[PDB]
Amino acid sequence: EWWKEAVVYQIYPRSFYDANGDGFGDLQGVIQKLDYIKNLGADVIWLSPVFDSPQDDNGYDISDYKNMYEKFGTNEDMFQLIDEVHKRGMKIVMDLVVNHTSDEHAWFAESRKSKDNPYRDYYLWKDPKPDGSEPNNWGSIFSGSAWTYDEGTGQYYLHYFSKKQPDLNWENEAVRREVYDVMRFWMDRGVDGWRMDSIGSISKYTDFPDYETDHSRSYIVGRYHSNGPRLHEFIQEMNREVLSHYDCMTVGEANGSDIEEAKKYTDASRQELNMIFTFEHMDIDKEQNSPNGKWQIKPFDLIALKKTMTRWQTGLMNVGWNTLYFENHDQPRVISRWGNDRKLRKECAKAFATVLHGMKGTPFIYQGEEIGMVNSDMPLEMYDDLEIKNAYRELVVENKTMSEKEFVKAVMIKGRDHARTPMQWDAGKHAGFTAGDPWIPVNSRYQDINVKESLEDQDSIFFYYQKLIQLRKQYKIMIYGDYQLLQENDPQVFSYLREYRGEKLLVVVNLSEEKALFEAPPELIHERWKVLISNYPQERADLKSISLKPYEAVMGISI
C-alpha cells in the first residue's frame, strides 16, 4: 500500500511561501515550491487546514468546509494544487477538522439562535447547574472551562478547544452525514486522504459526568476528553460510508491514544484508519498531570524516549501501522527542545533523523525540519498562539501555579510558534518567504539556516534527509522489517535492529553531547556490515564496536 511506503511532508501553509506579498503563505506559494519538496523526496504532502476560518486557532476553527480562506486563495487554486501534486506523481492529504467548527460557521450561527432551530442539535448544549455554573468541571485544552454560556437561550455549549471552536454532536446522524458529504466533495476532486484532527475527541460521554478532583485545579482535562464509547463505532461508519470507496490514506491525530487504542484504530481488520499520531513520545518531557500541563517541563530523558518508542514499535510490529514524527505545527523544533542547536546542530539534527527514519512506520517531515530549523529567541509579546495567551492568563496571572520566569522558560522550549515562524528559503530579507511583511517574524537565525545554503553544502542536514528517503525507497527492510531494541539500558545511545528475510539493519545513534560506546550483542558479532549512512566524516564499517563521537549516528545493513 503506497501509504506504508510513503514519506510525508507536512506543510503549514500560512508559513510556507507567500507568493503574493501580503505576508501570509498561500496556495500558489505551495505550488511554486512543489519541485523543492519532490527533490527532497517526499511523495505525500499533508497540508494543515486552508478552509475558510476566522483564524482563532489558525485554521483549526473552520467556518466553511467547502471554500478556502481568502488569504490562501480560492477553490480554483486548491484544485490546481491537487493537479500539480498529481502531475509530479505525489499525493495530497488534507486536514479533516470535524470534532468542532468555528462559532462563525453558519451551522453554529443558526444553532445558537433558538432551541427550535434545525441546527440546534448539531452542537452540544446543556443546562446550567441550579446555581448557573457549568454543567460539569470539564476543562478546555486552551485553559478555563470547556463550557460557554449563551444568554439568548440559557444554555451552555461544549468546546474542548477555544470558545470559538464549539464541538459538533456526533450523536446526531445529520452531523455525521454532513461530515461524510464534506469528505466526498474533496475526495471526488482528487484529495488522496485525510489527517483527522483531534479524532480521539469525537465521541462524548453523553452523561457528562464530573471528574473526581484533588482540588489542584477548578477545571479538569482527563479520560472523558478522549476515547468515548462510540468512538470506534463512528470511525467504522466513516470507513464504510466514505473511506472504503476511495484509494486513500488516513492518519488520525489520536489524542489520548495508548498502544491498545492504536490497535483499535489501525488494525486493518477493524476497517478504521491506516495509522495514527500519538502524543506519548511528545509527553515524555512534562510531568504526568500538573495543573500546568505541558508547561511543567522535565529535561529530555533518553531512557523514557527509548521505552516509549519501543513500546510503540513492538505493539504495532505485526498488526496496525505506526507514524514516525518528532515535529509538526504543534511541537517545538526537536533539536532545540532535546538536543544541541548550536555547534553540533547538524550532527544533532541528523542523529534525531536517523533514530526516527530507521524505524517501522510512515515518516513525517515537518517543514524546515530537513534544514535544521530551530526554536526562536523572540520575546513573549511576539508570540501569536492563543494557547500561550490563555495559559499565561490562567497559570501565571489568575491561578499563580507558575511564575512568570518559569512560564517564559517553558514557552521558549515548547511553544507552538517555534514551528510557525516562516520557512527559511534563503538569506535575504524575511529569508525569502515574502517580499512584504510576514505575519510573524522570521527566526533571527535564518541567515545561517536556509534552503539556499543547505543546497550549496554537501554536508547539509537537507542532503542527509534526502539520502534517508532514498534509502527507504531502496531497502525494503526499512519499510517491512521488525524491530528489536539493543543495549537497552545505555543512557546515551539509542540502538536497535530491524530484520527482514535474512537481512539485518543496525541503527546506532548517540543522543548525547559526550562520547559513548556501542558494543554489538553476542549474536551479532560475526555479521559483516555495509554502512548506509553516517553523519560523521569517516567510515564505517566494523560495527561490532563503535566509539561514538557527540551525536554520531550510523545505519548499517548486513551483507
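All residue numbers are counted from 1 along the displayed sequence.
Chemist: Using only the Cα atoms and their B-factors as the entry lists them, report which of 35 to 43 and 512 to 520 averages higher.
Modeler: Of 512 to 520 and 35 to 43, the stretch with the higher C-alpha B-factor average is 512 to 520.
Chemist: In the PDB record, does 173 to 181 or 322 to 330 carry the higher mean Cα temperature factor?
Modeler: Averaging CA B-factors over each stretch, the winner is 173 to 181.
Chemist: For the listed residues 214, 369, 197, 104, which one has the largest C-alpha B-factor as given in the deposited model?
Modeler: Highest C-alpha B-factor among the listed options: 214.
Chemist: From the list 385, 453, 301, 398, select the residue with the highest C-alpha B factor recorded in the entry.
Modeler: Highest C-alpha B-factor among the listed residues goes to 398.
Chemist: Lowest, middle or highest third: which one holds residue 8 when the chain's residues are ordered by CA B-factor from the entry?
Modeler: As the PDB entry reports it, the C-alpha B-factor of residue 8 lands in the lowest third of its chain.
Chemist: Pull the Cα B-factor of residue 422 out of the PDB entry and bin it into the chain's lowest, middle or highest third.
Modeler: For residue 422, the deposited C-alpha B-factor lands in the lowest third.
Chemist: Would the CA B-factor of residue 353 place it in the lowest, middle or highest third of its chain?
Modeler: Its C-alpha B-factor belongs to the lowest third of this chain's values.
Chemist: Where does residue 246 sit by CA temperature factor within its chain: lowest, middle or highest third?
Modeler: Answer is highest: the recorded C-alpha B-factor places it there.
Chemist: Lowest, middle or highest third: where is residue 296 by Cα B-factor in its chain?
Modeler: For residue 296, the deposited C-alpha B-factor lands in the middle third.
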